[PDB]
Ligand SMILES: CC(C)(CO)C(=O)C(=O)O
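Just one chain follows, in the form deposited without ligand KPL, and it is written as structure tokens.
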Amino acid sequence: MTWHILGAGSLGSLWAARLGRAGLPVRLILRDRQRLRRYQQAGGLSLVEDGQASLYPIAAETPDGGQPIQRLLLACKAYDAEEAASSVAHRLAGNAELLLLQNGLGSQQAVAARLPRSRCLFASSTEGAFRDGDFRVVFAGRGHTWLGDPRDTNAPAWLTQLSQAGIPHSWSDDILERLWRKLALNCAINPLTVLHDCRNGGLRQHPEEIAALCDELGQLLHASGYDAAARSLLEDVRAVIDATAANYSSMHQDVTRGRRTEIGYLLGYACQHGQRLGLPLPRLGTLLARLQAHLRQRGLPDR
């Protein structure tokens, strides 16, 4: 019943540390043998909570070696999920279950199609963590993780050992309604924060734009069958603005650091989904066209 962890980043290490320190079998899957040596010279994962650093010596390995994988946590970026899961597709057993921690939509379905003999569970986390070195992660803020599977709504029995490890979670019968809620939340805030180069509190100065975006995002939510999310969206957005008024959004921090943006699974997925239907979403489309041009202007990928 080993917890295999693919993607020893921010969320990946935070999960690996909490699972391993609670006595559960955990195994890190690092990229190559070079990373495995750099991990063994460090001695384990360093977790920083309220300034206090602790060393968790979690066993690690490479994709080629190891035992069969019956439970895998995919904790990489959405644009790397397809390539990550395929690197250990040769070790997946017939009863393997995958926990997909990716943000947005699109990559989860791509992983499910690439691995049809495995069960892919969807997750939506609000926990905060960032890296401060190759094997050092700061537990920046507590949060919650929703779980669920659209095909198989029965909850697995191993949810209890997530509680033992201190990992807050809840099983949702309609997990896609959660992901669409968080996706529409991301589209109304993060693209404008990049184009205007401002904190989330700065969006108060653009109230007409927020209302126009939430309107088109509300139509997209209703056509997707999520009526409750579309009615409360405008007030859900304004609540997040006040709660994170002093913060820079995640997409703003990616562009600032010259990193790739998960746009292809957030605003890009939303504009494509409305096209698959029949909804004209012009303001979301021009917002996407501006954000793509903003990314290309700095040599960053537009997808």
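Position 1 is the first residue in the sequence shown; the rest follow in order.
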Open item on the list: Quick check: 82-90 versus 202-210, which has the larger average CA B-factor in the record?
Closed with: 202-210
- [ ] Output the stretch having the higher mean C-alpha B factor in the entry; the candidates are 93-101 and 123-131.
- [x] 93-101
Open item on the list: Just the C-alpha B-factor column, please: which of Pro116, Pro191, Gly106, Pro168 has the biggest number?
Closed with: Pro116
Open item on the list: Out of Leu267, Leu30, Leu277, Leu55, whose C-alpha atom has the biggest B factor in the entry?
Closed with: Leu277
Open item on the list: Using the temperature factors of the C-alpha atoms in this entry, rank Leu300 within its chain: lowest, middle or highest third.
Closed with: lowest
Task: Chain thirds of CA B-factor: placement of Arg290 - done: middle
Open item on the list: Ranking the modelled residues of this chain by C-alpha B-factor as given in the entry, is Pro282 in the lowest, middle or highest third?
Closed with: highest
Task: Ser163 - which third its CA temperature factor falls in, relative to the rest of the chain - done: middle
- [ ] Could you tell me which third, lowest, middle or highest, the C-alpha B-factor of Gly51 occupies within its chain?
- [x] lowest
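Omitted from view is the form deposited with ligand KPL bound, to which the following refers.
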Task: Open or blocked, once ligand KPL is placed by superposing site C-alphas in the entry with it bound (3+ ligand atoms within 2.4 Å of backbone or C-beta means blocked) - done: open
TODO: Name the stretch, out of 210-218, 184-192, 161-169, 111-119, where some heavy atom lies within 4.5 Å of ligand KPL in the entry with it bound.
DONE: 184-192
TODO: Please pick, from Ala59, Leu36, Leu234, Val240, the one residue with any non-hydrogen atom lying within 4.5 angstroms of ligand KPL in the entry with it bound.
DONE: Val240
TODO: Have a look at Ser250, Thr256, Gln40, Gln275 for me and say which one sits with a heavy atom within 4.5 Å of ligand KPL in the entry with it bound.
DONE: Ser250
Task: Contact flag, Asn200 vs ligand KPL in the entry with it bound, heavy atom cut 4.5 Å - done: yes
